[PDB]
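1. Make a model of this:
(chains A, B, C, D, E, F, G, H, I, J, K and L, ligands or ions: 1)
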Amino acid sequence: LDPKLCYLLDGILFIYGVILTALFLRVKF
Amino acid sequence: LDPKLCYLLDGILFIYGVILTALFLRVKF
Amino acid sequence: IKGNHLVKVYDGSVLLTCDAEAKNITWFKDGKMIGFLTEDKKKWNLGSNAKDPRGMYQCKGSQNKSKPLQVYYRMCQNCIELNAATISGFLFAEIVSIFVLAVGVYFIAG
Amino acid sequence: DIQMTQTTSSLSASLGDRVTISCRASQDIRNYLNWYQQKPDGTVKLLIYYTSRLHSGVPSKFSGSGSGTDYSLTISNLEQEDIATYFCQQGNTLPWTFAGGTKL
Amino acid sequence: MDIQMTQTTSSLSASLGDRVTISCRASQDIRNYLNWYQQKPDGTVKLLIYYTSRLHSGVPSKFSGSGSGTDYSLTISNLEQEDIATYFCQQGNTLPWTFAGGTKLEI
Amino acid sequence: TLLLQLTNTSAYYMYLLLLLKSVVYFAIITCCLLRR
Amino acid sequence: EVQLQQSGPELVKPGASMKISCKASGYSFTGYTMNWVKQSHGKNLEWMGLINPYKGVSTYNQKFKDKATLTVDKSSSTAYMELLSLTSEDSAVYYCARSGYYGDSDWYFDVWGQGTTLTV
Amino acid sequence: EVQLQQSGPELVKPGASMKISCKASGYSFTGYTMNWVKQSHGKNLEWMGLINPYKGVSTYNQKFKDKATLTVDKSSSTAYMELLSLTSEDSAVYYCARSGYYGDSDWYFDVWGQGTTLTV
Amino acid sequence: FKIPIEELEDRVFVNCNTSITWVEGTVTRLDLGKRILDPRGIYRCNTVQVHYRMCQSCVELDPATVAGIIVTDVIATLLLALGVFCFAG
Amino acid sequence: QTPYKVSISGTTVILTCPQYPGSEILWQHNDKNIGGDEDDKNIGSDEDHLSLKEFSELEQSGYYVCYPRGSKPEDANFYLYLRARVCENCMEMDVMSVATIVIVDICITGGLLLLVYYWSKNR
Amino acid sequence: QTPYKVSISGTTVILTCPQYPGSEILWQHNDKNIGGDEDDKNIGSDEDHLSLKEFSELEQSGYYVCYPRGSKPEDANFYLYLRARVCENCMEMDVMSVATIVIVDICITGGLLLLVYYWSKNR
Amino acid sequence: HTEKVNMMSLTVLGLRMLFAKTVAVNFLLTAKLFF
Ligand SMILES: CC(C)CCC[C@@H](C)[C@H]1CC[C@H]2[C@@H]3CC=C4C[C@@H](O)CC[C@]4(C)[C@H]3CC[C@]12C
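-> Numbers count the residues shown, from 1 in each chain, chains lettered A, B, ... in the order given. Structure as follows:
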């Protein structure tokens, strides 16, 4: 069982990606 | 196939996060 | 039972019985003395089936030594699948990882 | 602690007679009673248990009967070794309360 | 190494309606592995008892046998004009499966 | 549930291979940092 | 043959502590619960209590919790009673009574002892 | 029904090579072993060997290992014996006998052929 | 009396001679759902305290691997701290 | 009327009988006497803790009832039914516990990185 | 008494019986005879092998014994109990193959990083 | 069976957590080497 731990670490990396995306869009302007 | 597509999503999240934070640290040179 | 065929096989662990007197059963393995057990438990266990128990087992009781029963388990628990999706994902991860490390070392010369 | 008194405290029994030993309890004990043979020199042994069963080594002349409160022992062909006292022992509730018994 | 399997009696004298036995002694213990073939005068043979305990499919029930170890025998009664034959035994343990000399009935 | 185990033990070696590559990349970046 | 042997008269001063052993032979001592029954006044039996031999745990009559304490010696295969504050009333005969270990056979006493007449 | 017909009696000269067939009918021929048995002098039966129709692997008698050769044409449901280097000792009846395929039932010859009086 | 537990079609349901009177725990014949959801509770038929641990969220963690990943995660975070130690030093 | 706390721990089951305080408590499995001195030493009824070393899901399982010393097994009307597929060095955890441990790990990673960053800022 | 060497690849198992040389070798399975003409053409046979193509999980798993032609099934000198798992293209990643894969990939990574370092320094 | 499949899933997740940590440490070391 447990195939959703992968989605948990993918959510962690997606949080990392979006908090870099917000910073990149902020400092890009 | 669900864990395998989850690992594909993991790989593209790694590459997207790495490239985006490489650009974001390119800004702060 | 017929002609010294005493060692039989019956729950992840493998249950390995012997057909002898229920006083003292000695379990040999690989042509040497490996075990010697007491009464009321003639179902000597080597491990779970996932830990691939294999080799020649033979018991010795009141009668003559039993002829060897060679268990051969290949319950894998370590077998990867060589399907097109898995080998394609491995090749993708290999090429991407070596390329990312190459970008890491291309930008190091200064 | 249910009091266990016999209706017949003392009786006269002839040799070679079939005499019952009446035992009674204050409450119903669900047939949980044993009878005990105490030779007057001091040595005592289990005669029967659960009012119906028979111990190993006990002679077949001893057997009990009764349900509820009034319990009896059946003893046939009394011998000189059979001349002793007998105790009905309640084995229902703590503590196990014995009885006064009857001499023979 | 082959089992020299022989029969004690080669020509047996009998009569119609008689119950008579046929002996066949083995050189070694062959653990209840025998057969009982009969040979017609024209040469046509067939199996009657196999494993010495069970009967062949389609055999008459008058054929029977027993024995174990090295001494084995056939039990046959009510001999007819159809039952006059020569009776054989064979071993089953070790290759080759060796026959015997055969016991021929006499009327 | 067998194919899920096959994917899991393929990933357990894929990510361990990625770990070996990242360890040797850590070795070369440590060598160049000592050079730095 | 299962045998239960005790001590002799065991002359003990009044008001002191008295010991009465009960040796177990012919069987495994820890496998069978040994009760303790006292012959009161030479005519009436009553139950003092029992002791588990395998674990040492004892259960007493509620009247006679303070009369004696039951201990066992697994090495010696003997059961002990330690009478506390014995009086002239408490001078009696004490039987050690084996029984079955579990709750289906701990209520009938299969083999008894000779009984030690604790006289003063 | 199941019945096996063989070739006719052939007056084969000594030193030549003979070929006797035996058809198999009424049953699946490739699933039952064919045993070849020689009746020497009209009295003593001798077992020469068996040929498995399916695999083609044949096990012979130790005496008749070289004096006999068994072949099977599975398409025509036949069993052949190429007797080689014939002698006047080989002037005997040569049955072919069906046993079972497997070791629990290949030791009894269920049905037998007519018999080729291979006269030398 | 000796109130039984029935495991039929991978499901647990209590069967009595009279009505079941539940008092506490997870809820003639009273169903409890499947046995894989691990039912517990006291069911007094006018009594059993049932318990199930047919573990399906069950992990066989060996100490070697879970110790290795911990002792390498700790050193990985230590080297990450060494990486952030070079942020301003 | 407390329930029997079943303490599964690896390949070991610990049943408890806290219903009767102080009294010596015996155990019975499927109306067969167990606990204390038996054929197998894998089971020991120490105090109220009926330890079951190397628990088998088929032969050491089923009905369990505790009764105090001086009380009949047939007197008790409060049984337990045990089924427990035990397993060697084998915890049981849901997805929420794994989420908890990964959240704790990433939080202490960040809290140690900030601490090291500030101790590097100071010196 | 040479052990029955077994070569499993994919979903087919090839049971070799290294003893009984030269003679015809038959086979037996759960005290039932296979290795010849039967209803299923999946379970083949050979001069030394019993190739169970499309090997089932449990429908074809049991006691597999070879015996020579003439010898009885219980007269065989050896037994084997086979219970294996099959796939479509599974390979057993044992410690030798895993170590070889790891050392090949680490040498590949070292060589590629050295070459990339060389041509990055050159430009 | 499943009790080992779940442990395999947890050790894959632990290896991936440690992979994210080692990617982070390689990224930070390379960036500070360039700085
Ligand atoms: C993840 C590990 C395995 C490999 C790391 C590779 C990537 C992430 C590294 C390698 C070289 C790095 C770059 C090197 C040089 C520059 C230009 C400078 O103005 C700012 C940072 C920037 C843009 C770096 C960002 C991150 C970077 C692209």
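2. Could you give the backbone dihedrals for the most centrally placed residue in chain F?
-> The centroid of chain F falls nearest to residue F:19 when counting by C-alpha atoms, centre = their mean (1.6 Å). With angles defined as degrees, to the nearest 10, residue F:19 sits at phi -70, psi -40.
3. need the contact list for the spatially closest residue to it that is not a sequence neighbour.
-> Distances taken as C-beta to C-beta, 6 or more residues apart in numbering or on different chains place residue L:19 nearest to residue F:19, at 6.1 Å, with adjacent residues excluded. The way it works is simple: take the backbone N, C-alpha and C, and place the C-beta from them, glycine included. Contact analysis of residue L:19 by C-beta atoms under 8 Å, 6 or more residues apart in numbering or on different chains lists F:15, F:18, F:19, F:22.
4. Contact partners for the closest residue to residue A:2 other than its chain neighbours?
-> The shortest distance from residue A:2 to any non-neighbouring residue, by C-beta to C-beta, 6+ apart, is to residue L:9 (4.3 Å). Residues near residue L:9 by C-beta under 8 Å, 6+ apart: A:1, A:2, A:3, A:5, F:8.
5. The nearest residue to residue C:12 once chain neighbours are set aside pairs with what?
-> Nearest residue to residue C:12, sequence neighbours excluded (C-beta to C-beta, 6+ apart): residue C:48, at 4.0 Å. Partner residues in beta bridges with residue C:48, using DSSP bridges, are residue C:13.
6. same thing with the one 10 residues further on?
-> In this structure, residue C:58 has the following beta-bridge partners (DSSP bridges): residue C:28.
7. what's the burial count for it?
-> For residue C:58, the neighbour count with other C-beta atoms under 10 Å in any protein chain shown is 21.
8. Next: residue J:64.
-> Neighbour tally, residue J:64, other C-beta under 10 Å: 25.
9. same thing with the one 10 residues further on?
-> A count of nearby residues for residue J:74, using other C-beta under 10 Å, gives 15.
10. What are the boundaries of the helices in chain I?
-> Secondary structure of chain I (DSSP state H): helices at I:63-85.
11. Could you measure from the closest residue to chain F within it over to residue L:18?
-> Chain I approaches chain F most closely through residue I:79 (7.7 Å), counting by C-beta to the nearest C-beta. As judged by C-beta to C-beta, to the nearest Å, residue I:79 and residue L:18 stand 11 Å apart.
12. What helix or strand is the closest residue to residue G:32 other than its chain neighbours located in?
-> Distances taken as C-beta to C-beta, 6+ apart place residue G:98 nearest to residue G:32, at 5.2 Å, with adjacent residues excluded. Element membership of residue G:98, judged by DSSP states H and E, is strand G:93-98.
13. Quick one: residues in contact with that strand.
-> By C-beta under 8 Å, 6+ apart, the list of residues contacting strand G:93-98 from outside reads D:42, D:44, G:2, G:4, G:6, G:20, G:22, G:24, G:32-39, G:42, G:45, G:48, G:79, G:81, G:109-113, G:115-118.
14. And those, which of them are buried?
-> Among those, those classed as buried by 16 or more other C-beta atoms under 10 Å in any protein chain shown are D:44, G:4, G:6, G:20, G:22, G:24, G:32-39, G:45, G:48, G:79, G:81, G:109-113, G:115-116, G:118.
15. Is residue G:87 in a helix, a strand, or coil?
-> coil (DSSP: H, G, I helix; E, B strand; the rest coil).
16. From residue G:71, how far out is the closest residue to it other than its chain neighbours?
-> Leaving aside its chain neighbours, residue G:87 sits nearest to residue G:14 (6.9 Å; criterion: C-beta to C-beta, 6+ apart). Between residue G:14 and residue G:71 the computed distance is 22 Å (C-beta to C-beta).
17. just the helices in the chain please.
-> Looking at chain A here, since you left the chain open. A:5-28.
18. My question was about chain L, not that one.
-> Going by DSSP H, chain L shows helices at L:2-34.
19. who's in contact with the residue of chain D most remote from its centre?
-> If you look at how far each residue of chain D sits from its centre, by C-alpha atoms, centre = their mean, the farthest one is residue D:94, at 19.1 Å. When contacts are counted by C-beta under 8 Å, 6+ apart, residue D:94 touches D:1, G:59, G:61, G:62, J:70, J:71.
20. packing partners for the one helix or strand residue C:97 maps to?
-> Using DSSP H and E, residue C:97 falls within helix C:84-106. Packed against helix C:84-106 by the contact rule (3 or more C-beta pairs under 8 Å, 6 or more residues apart in numbering or on different chains; DSSP states H and E) you find helix B:2-27, helix F:2-35, helix K:95-122.
21. one more time with 6 Å
-> Where contact means 3 or more C-beta pairs under 6 Å, 6 or more residues apart in numbering or on different chains; DSSP states H and E, helix C:84-106 is packed against helix F:2-35, helix K:95-122.
22. how big is the angle separating it from helix K:95-122?
-> With axes from the mean of the first three to the mean of the last three C-alpha atoms, to 10 degrees defining the directions, helix C:84-106 sits at 40 degrees from helix K:95-122.
23. Helix C:84-106 close to the ligand?
-> Yes: for helix C:84-106 and the ligand, the contact criterion (C-beta under 6 Å from any ligand atom) is met by C:100, C:101, C:103, C:104.
24. Run a quick neighbour tally on the last one.
-> Residue crowding around residue C:104 was assessed by other C-beta under 10 Å; the count is 21.
25. Likewise for residue C:101?
-> 21.
26. There's contact between it and residue F:25 in this structure, I believe.
-> Yes: at 5.1 Å, residue C:101 counts as touching residue F:25 under the criterion of C-beta atoms under 6 Å.
27. Can you pull the phi/psi pair for residue G:39?
-> According to degrees, to the nearest 10, residue G:39 has phi -90, psi 100.
28. residues from chain G in reach of chain L?
-> Within chain G, no position is near chain L by C-beta under 6 Å from any C-beta of the partner chain.
29. Relative to residue D:21, how far out is residue D:78?
-> Taking C-beta to C-beta, one finds residue D:78 at 12 Å from residue D:21.
30. Surely the residue nearest to residue C:12 and residue C:13 touch.
-> Yes: with contact defined as C-beta under 6 Å, residue C:48 counts as touching residue C:13 (5.2 Å).
31. Specify which residue of these two has the higher count of neighbours.
-> residue C:48 (21 against 16).
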